[PDB]
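Visitor: Following this: a sequence and the matching experimental structure.
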Amino acid sequence: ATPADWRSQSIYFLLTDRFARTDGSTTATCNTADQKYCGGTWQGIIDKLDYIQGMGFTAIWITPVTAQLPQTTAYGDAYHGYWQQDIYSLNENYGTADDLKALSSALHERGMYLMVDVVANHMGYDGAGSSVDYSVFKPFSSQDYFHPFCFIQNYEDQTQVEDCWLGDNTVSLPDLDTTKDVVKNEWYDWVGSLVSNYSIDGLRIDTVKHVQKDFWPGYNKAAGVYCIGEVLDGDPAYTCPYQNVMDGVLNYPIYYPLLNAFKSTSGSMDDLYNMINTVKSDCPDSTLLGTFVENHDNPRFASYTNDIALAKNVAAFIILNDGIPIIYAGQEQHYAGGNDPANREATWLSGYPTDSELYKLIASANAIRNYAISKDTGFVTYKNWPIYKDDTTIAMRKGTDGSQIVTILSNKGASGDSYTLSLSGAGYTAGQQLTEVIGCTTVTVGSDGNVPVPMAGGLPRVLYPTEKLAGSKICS
Ligand SMILES: *[C@H]1[C@H](O)[C@@H](O)[C@H](O[C@H]2O[C@H](CO)[C@@H](O)[C@H](O)[C@H]2O)[C@@H](CO)[C@@H]1OS(=O)(=O)O
Ligand SMILES: *[C@@H]1O[C@H](CO)[C@@H](O)[C@H](O)[C@H]1NC(C)=O
Ligand SMILES: [Ca+2]
């Protein structure tokens, strides 16, 4: 599927090992500190697609599928998929080639997309760099395919960032020499044939800043689908230029101020407001970025605060910002694990309740986004506009005049006071009825064009014209 096709999608990101077992158990042990395979599979995902689609996601992102180093290392198993050895075999822990094809087909029957995580930068190996037997790597079965062994120490030296190895002396990540035509040609053939064998709709490309930029146009073209890159840097002047070589990147620039704004009742709305406007202006296309606050490489949102109002607001922002929403399996059950491995909790241990507070919030927010997109072909290309901020509030507008979603978010938290915010710049006409689609109340635009927004409980407010909701299932 093309970049234009992906703009309307909403992604549920999951670890194949951690989301759902074939046996469907909600009690099978998964101690994250053991760092071992817990037994999640592709078949398990298929069996729980109603759970994912019930929150109004249109797509899933799954962790890498290639065969891995076999060892239980000092840091545990390759459960996560980022330690590959044989790129032409699958990780048998997750199932068979027919199971991965059955997952793609099950998503397609539901009108959903499959996105697969891929690594081009590195293989994995149990042990020090000097102990590597290069013959285990397929097809790269020679030291001749790799950069000489060194670690990245100077992260300001972009040459060192690209040419030296990730990992450490315990688990090494042998660095492919992606400047070699033979390495480019194998990777380009591989990614095209992976996409066509498993009918994959899009790719999440890990580790993009560790491979020189001239590799990536050819890779994105060989894949034949939308690619979103992991460029792990909060500076839009570093990260956004990668969109000149790849369709999209993960929005790490928004990540840091978004987390800061909502993790505390003292968070900076100014930093978030300013970063939205920096990304909108200075990134090649904000509408092809991926918005997130939670992943398997940072502490979960609830590890910073268990306030459920704050969690509702940050989830609403993720769904209503420019670009593709990305929610990490467990976020919807308010999982609170810290840094790796504590943030790789099994989703099944929640019991997959569809009545939890954040399942309902995310369902409500995806519902209005999906509905608005179905009625407004300009929604996804209208650049999100922050129209108001104060010490505890940000408000933003997105969509075609007359059909715009106007979102008011707060960091007051669950003990926030009850008051009316008089909101200017929403763009609706005097006397217009709006539905607040999270709580299903109505507000009326005043003769002056200001919206009197009832604020209470620190709750997020998402406004849409009541007249435009004719025939939707929203706030029935
Ligand atoms: C990207 C991927 O998103 C990230 O999770 C990868 O980390 C993996 O490997 C490290 C190092 O061995 C483990 O500590 C971790 O548990 C495991 O998930 C990462 C490195 O392989 C990927 O690349 S990047 O370093 O983020 O660029
Ligand atoms: C896809 O299948 C083809 C034909 O059997 C094969 O040549 C190729 O290696 C496969 N690619 C992958 C990534 O498995
Ligand atoms: Ca590299």
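Guide: Structure's in. What do you need? Numbering: from 1, shown residues only. Ligands and ions are numbered 1, 2, ... in the order given.
Visitor: Please count neighbours and contacts with C-alpha atoms only from this point.
Guide: OK.
Visitor: what's the distance between the residue in the chain positioned nearest to ligand 1 and residue 61?
Guide: For the chain, the residue closest to ligand 1 is residue 207, as judged by CA to the nearest ligand atom, at 3.3 Å. Distance, residue 207 to residue 61, using CA to CA, to the nearest Å: 16 Å.
Visitor: What sits closest to the residue of the chain closest to ligand 1 if chain neighbours are left out?
Guide: Leaving aside its sequence neighbours, residue 207 sits nearest to residue 230 (CA to CA, 6 or more residues apart in numbering; 5.7 Å).
Visitor: so the one you found touches residue 211, yeah?
Guide: No - using CA atoms under 8 Å as the test, residue 230 is too far from residue 211 to be in contact (11.3 Å).
Visitor: For residue 157, see how far away residue 234 is.
Guide: 17 Å.
Visitor: I meant to write residue 95 there.
Guide: From residue 95 to residue 157 the distance is 41 Å (CA to CA).
Visitor: More neighbours: which of those two?
Guide: residue 95 (17 against 10; other CA atoms under 10 Å).
Visitor: so that one touches residue 43, yeah?
Guide: Yes - in this structure residue 95 lies within contact range of residue 43 using CA under 8 Å: 7.4 Å.
Visitor: And the residue of the stretch 1-150 of the chain found nearest ligand 3, how far from residue 252?
Guide: Using CA to the ion, the closest approach of the stretch 1-150 of the chain to ligand 3 is made by residue 121 at 4.9 Å. Separation of residue 121 from residue 252 (CA to CA): 19 Å.
Visitor: So residue 272, which state does it fall into?
Guide: Secondary structure for residue 272, judged by DSSP: H, G, I helix; E, B strand; the rest coil, is helix.
Visitor: wait, what's in contact with it?
Guide: Neighbouring residues of residue 272 by CA atoms under 8 Å, 6 or more residues apart in numbering: 254, 257-258, 261.
Visitor: Tell me the residues on this structure that lie near ligand 1, please.
Guide: Of all the residues in the chain, those in contact range of ligand 1 (CA under 6 Å from any ligand atom) are 80, 82, 167, 206-207, 297, 340.
Visitor: isn't the residue of the stretch 1-150 of the chain closest to ligand 3 right up against residue 207?
Guide: Yes - look at residue 121 against residue 207 with CA under 8 Å: they come within range, at 6.4 Å.
Visitor: who in the stretch 201-350 of the chain is up against ligand 3?
Guide: 210-211 (CA under 5 Å from the ion).
Visitor: And the helices in the stretch 201-350 of the chain?
Guide: 216-223, 236-239, 252-262, 269-282, 301-304, 308-320 (DSSP state H, counting those that start in this stretch).
Visitor: ok, which stretches of the stretch 1-150 of the chain are helices?
Guide: With DSSP H, counting those that start in this stretch as the criterion, the stretch 1-150 of the chain has helices spanning 3-6, 16-19, 42-47, 49-53, 97-109.
Visitor: Dump these into a markdown table; add mean neighbour count as well.
Guide: Putting the helices of the stretch 1-150 of the chain into a markdown table (neighbours: other CA atoms under 10 Å) gives the following:
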| stretch | mean neighbour count |
| --- | --- |
| helix 3-6 | 16 |
| helix 16-19 | 27 |
| helix 42-47 | 22 |
| helix 49-53 | 16 |
| helix 97-109 | 17 |
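Visitor: looking at these, which is closest to ligand 2?
Guide: Proximity to ligand 2, assessed across the helices of the stretch 1-150 of the chain by CA to the nearest ligand atom, is greatest for helix 97-109 (8.6 Å).
Visitor: thinking again about what came up before, any chance of the residues of the chain next to ligand 1 in JSON lines with neighbour count as columns?
Guide: As requested, the residues of the chain next to ligand 1 are exported to JSON lines (neighbours: other CA under 10 Å):
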{"residue": "80", "neighbour count": "20"}
{"residue": "82", "neighbour count": "23"}
{"residue": "167", "neighbour count": "17"}
{"residue": "206", "neighbour count": "21"}
{"residue": "207", "neighbour count": "19"}
{"residue": "297", "neighbour count": "13"}
{"residue": "340", "neighbour count": "17"}
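Visitor: Let me know the closest of the residues you listed to ligand 3.
Guide: Scanning the residues of the chain next to ligand 1 for proximity to ligand 3, where the rule is CA to the ion, the winner is residue 207, at 8.3 Å.
Visitor: how does the protein divide into domains?
Guide: 1-374, 375-476 (CATH domains of a matching chain).
Visitor: Distance from the chain centre to the longest one, please.
Guide: Mean-position distance between domain 1-374 and its chain equals 7 Å (CA atoms, centre = their mean, to the nearest Å).
Visitor: got the contact list for residue 389?
Guide: Neighbouring residues of residue 389 by CA under 8 Å, 6+ apart: 269-270, 273, 395.
Visitor: Show me what secondary structure element comes after the helix or strand hosting it.
Guide: Secondary-structure assignment from DSSP states H and E places residue 389 in strand 385-390. As assigned by DSSP H and E, the chain's next helix or strand after strand 385-390 is strand 393-398.
Visitor: that older thread, format the helices of the stretch 1-150 of the chain as TSV; extra columns: distance to residue 380.
Guide: Shown next, in TSV, are the helices of the stretch 1-150 of the chain (distance: least, CA to CA, whole Å):
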stretch	distance to residue 380
helix 3-6	9
helix 16-19	29
helix 42-47	28
helix 49-53	20
helix 97-109	22
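Visitor: need these in CSV with distance to ligand 2, can you?
Guide: Formatted as CSV, these follow (distance: least, CA to the nearest ligand atom, whole Å):
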stretch, distance to ligand 2
helix 3-6, 22
helix 16-19, 18
helix 42-47, 16
helix 49-53, 25
helix 97-109, 9
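Visitor: and of these, who's closest to residue 403?
Guide: Taking CA to CA, helix 3-6 is the member of these nearest to residue 403, at 20.7 Å.
Visitor: same for that closest one, what does it pack against?
Guide: Helices and strands touching helix 3-6, by 3 or more CA pairs under 8 Å, 6 or more residues apart in numbering; DSSP states H and E, are strand 226-229.
Visitor: just to revisit the earlier point, reformat the helices of the stretch 201-350 of the chain as CSV; add distance to ligand 2.
Guide: Shown next, in CSV, are those (distance: least, CA to the nearest ligand atom, whole Å):
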stretch, distance to ligand 2
helix 216-223, 11
helix 236-239, 29
helix 252-262, 29
helix 269-282, 35
helix 301-304, 35
helix 308-320, 33
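Visitor: can you redo those helices as CSV with distance to residue 176?
Guide: Below are those laid out as CSV (distance: least, CA to CA, whole Å):
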stretch, distance to residue 176
helix 216-223, 14
helix 236-239, 22
helix 252-262, 25
helix 269-282, 31
helix 301-304, 34
helix 308-320, 34
